[PDB]
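These notes are about the structure you will find just below.
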Amino acid sequence: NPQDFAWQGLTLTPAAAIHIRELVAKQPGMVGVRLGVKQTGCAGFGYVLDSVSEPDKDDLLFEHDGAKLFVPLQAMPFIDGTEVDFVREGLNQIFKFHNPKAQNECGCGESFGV
Amino acid sequence: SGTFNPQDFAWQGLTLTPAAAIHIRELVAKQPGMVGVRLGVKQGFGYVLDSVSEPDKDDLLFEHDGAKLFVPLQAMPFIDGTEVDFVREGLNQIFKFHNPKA
């Protein structure tokens, strides 16, 4: 099992879009962010948002309000439909991932981004 | 005999990993007037960091490498012994909390 499969795609909330536009804007050569997924836990799987300059051949592109979100095909399966959001509040800065298929959203509140 | 007060308890205290220490120093340096961060809990519960200018009366202080971490007394019975570490995940810079009672 690999692709050529029509996905619904992924989204950025306006907040996530503004922030990505702001990191583009301080940062030259940055075209967008890229969601990958990493092995973790028992047969677990973590999200990983990264600054990107040179997209891979295989990436897909989901553009909202000028912000680019490149997602690898070998990832679409495990994360089709996720919306990427960004919450900034006082000292907390973080990119959050809402997978529609996931139910069981994290409890282990054993993290704080800044 | 047996009579006590947890405000006068001897705590194991919280620790800071060397990576958490520098990012705290880094967060503090960026803000003139800030002297450290305060670890708290909210809400099935979660850790939150707050900026500290003037520390509270009932706040305990844990120093390590010039990094000041404040913890209120009301939270000590619950997060004492906790270790604060730091990890970068893509664009996320995230403080992590290892609590011996997780």
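Chain labels run A, B, ... following the order of the structure tokens; each chain numbers its residues from 1, and ligands are numbered from 1 in the order shown.
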
| query | In chain B, what's strand (DSSP E or B) per DSSP? Answer as a count of residues only? | reply | 42

| request: Determine, counting only C-alpha atoms, which protein, DNA and RNA residues have an atom within 12 Å of an atom of residue 6 in chain B; residues of the same chain fewer than 2 positions away are not included. Present the result as a list in words. | output: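 My reading of the contact set: residues 3, 4, 8, 9, 10, 11, 58, 73, 74, 75, 76, 77 and 78 of chain B.
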
Could you write out the selected residues, including C-alpha atoms, as a tab-separated table (two decimals), in the first residue's frame?
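Below is the file that was written, part14.tsv:
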```
chain	number	residue	atom	x	y	z
B	3	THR	CA	0.22	17.46	64.54
B	4	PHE	CA	1.60	19.21	61.41
B	8	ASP	CA	6.57	24.12	56.90
B	9	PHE	CA	7.26	20.82	55.16
B	10	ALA	CA	10.73	19.78	54.01
B	11	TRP	CA	10.43	19.29	50.23
B	58	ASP	CA	4.10	31.75	49.43
B	73	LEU	CA	3.23	26.05	48.12
B	74	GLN	CA	-0.28	24.82	47.21
B	75	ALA	CA	1.28	22.83	44.35
B	76	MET	CA	4.20	21.31	46.24
B	77	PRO	CA	2.25	18.42	47.75
B	78	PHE	CA	1.34	17.54	44.17
```

| request: For chain B, report every residue with an atom at most 7 Å from chain A (counting only C-alpha atoms), formatted as a list in words. | output: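 Residues of chain B within 7 Å of chain A, counting only C-alpha atoms: residues 44, 45, 46, 47, 48, 50, 89, 90, 91, 92, 93, 94, 95, 96 and 97 of chain B.
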
| task | Compile the contact shell of range 21-35 of chain B as a PyMOL selection string: residues with an atom at most 10 Å away, counting only C-alpha atoms, same-chain residues fewer than 4 positions apart removed. | result | (chain A and resi 91+114) or (chain B and resi 15-17+51-55+63-70+84-87+93-95)

| Which residues come within 6 Å of residue 16 in chain A, counting only C-alpha atoms, excluding same-chain residues fewer than 4 positions away, as a PyMOL selection string? | chain A and resi 12+85-86

Selection to disk with C-alpha atoms, as an mmCIF file, in the first residue's frame:
```
data_model
loop_
_atom_site.group_PDB
_atom_site.id
_atom_site.type_symbol
_atom_site.label_atom_id
_atom_site.label_comp_id
_atom_site.auth_asym_id
_atom_site.auth_seq_id
_atom_site.Cartn_x
_atom_site.Cartn_y
_atom_site.Cartn_z
ATOM 1 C CA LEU A 12 -4.490 25.778 9.037
ATOM 2 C CA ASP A 85 -3.607 25.455 14.892
ATOM 3 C CA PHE A 86 -1.293 27.793 16.988
#
```

| said: So that I can check the secondary structure, give me every residue of range 4-95 of chain B assigned alpha helix (DSSP H) by backbone DSSP, as a PyMOL selection string. | reply: chain B and resi 18-30+76-79

Pull C-alpha atoms from the residues just selected and write them as a PDB file, in the first residue's frame.
```pdb
ATOM      1  CA  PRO B  18      20.700  21.790  31.960  1.00  0.00           C
ATOM      2  CA  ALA B  19      18.620  22.348  28.806  1.00  0.00           C
ATOM      3  CA  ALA B  20      15.618  23.706  30.747  1.00  0.00           C
ATOM      4  CA  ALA B  21      17.898  25.995  32.714  1.00  0.00           C
ATOM      5  CA  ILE B  22      19.256  27.795  29.656  1.00  0.00           C
ATOM      6  CA  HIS B  23      15.895  28.253  27.979  1.00  0.00           C
ATOM      7  CA  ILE B  24      14.541  29.768  31.187  1.00  0.00           C
ATOM      8  CA  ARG B  25      17.585  32.091  31.253  1.00  0.00           C
ATOM      9  CA  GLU B  26      16.812  32.814  27.599  1.00  0.00           C
ATOM     10  CA  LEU B  27      13.144  33.569  28.238  1.00  0.00           C
ATOM     11  CA  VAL B  28      14.095  35.763  31.150  1.00  0.00           C
ATOM     12  CA  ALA B  29      16.824  37.704  29.316  1.00  0.00           C
ATOM     13  CA  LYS B  30      14.380  38.613  26.585  1.00  0.00           C
ATOM     14  CA  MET B  76       4.197  21.311  46.245  1.00  0.00           C
ATOM     15  CA  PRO B  77       2.254  18.420  47.753  1.00  0.00           C
ATOM     16  CA  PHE B  78       1.338  17.541  44.170  1.00  0.00           C
ATOM     17  CA  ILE B  79       4.409  18.163  42.013  1.00  0.00           C
TER      18      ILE B  79
END
```
